[PDB]
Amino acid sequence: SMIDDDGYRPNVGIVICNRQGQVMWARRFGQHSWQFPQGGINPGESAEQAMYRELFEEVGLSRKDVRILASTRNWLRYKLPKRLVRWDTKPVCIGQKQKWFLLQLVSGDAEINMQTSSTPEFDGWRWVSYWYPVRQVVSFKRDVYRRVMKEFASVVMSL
């Protein structure tokens, strides 16, 4: 129902940094591929609200475990590759519209808990250097990642 008229689901993505300027990299459940946390915005909620909701759901971090350092000024879209589009589910989703948030983890690493939900999207995590995700992200997200990390870079450097 939240799919817009172009087929894009509104969505929030999360870049969690530590004080050393590393960023949190999460492993997709039962897979060997990795990504930043992201999640669909629900009917009712703002971007910020969706962000906190998916943050606890996917990473186990509460509002007091983090502080918002920045968000992207605009929405950044990515299109699914055609072979991943589920054409029989109406309304058809062809990609995500995304509002990205830069968070600083202010609590200890032990606060990250990837099992607060019964259906976790991730099964592990590590800190990686700031630009490593631009290479390692799945191809169809790389355009968005490159633009997000470029936009966030000046904030993270300044710590």
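If you superpose the two forms and keep the largest set of C-alpha atoms that fall within 1.5 Å, you have the rigid core. Throughout, we count residues from 1 along the sequence that is shown.
Participant: What stretch shows more C-alpha movement in 6 other deposited structures of this protein relative to this form, 46-54 or 116-124, after the core is superposed?
Facilitator: Higher average C-alpha offset in 6 other deposited structures of this protein goes to 116-124.
Participant: I'd like to know which segment deviates more from the shown structure in 6 other deposited structures of this protein: 27-35 or 127-135, using C-alpha RMS over all structures and residues after a core fit.
Facilitator: Taking the RMS over all superposed structures in 6 other deposited structures of this protein, 27-35 lies farther out.
Participant: For at least a third of the other PDB entries compared, is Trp87 missing from the model even though its neighbours are present?
Facilitator: Yes, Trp87 lacks coordinates in at least a third of the other compared entries.
Participant: Between 60-68 and 37-45, name whichever shows the higher mean Cα B factor according to the PDB entry.
Facilitator: For C-alpha atoms only, the mean B-factor is higher in 37-45.
Participant: Going by the mean C-alpha B-factor recorded in the entry, which is higher: 88-96 or 115-123?
Facilitator: It is 88-96.
Participant: Would the CA B-factor of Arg9 place it in the lowest, middle or highest third of its chain?
Facilitator: For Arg9, whose C-alpha B-factor we compare with every modelled residue in the chain, the answer is the highest third.
Participant: Mind checking which third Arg146 falls in for C-alpha B-factor across the chain?
Facilitator: Lowest third of the chain for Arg146's C-alpha B-factor.
Participant: Using the B-factor values recorded in the entry, state whether the Cα atom of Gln136 falls in the lowest, middle or highest third among the modelled residues of its chain.
Facilitator: For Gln136, whose C-alpha B-factor we compare with every modelled residue in the chain, the answer is the lowest third.
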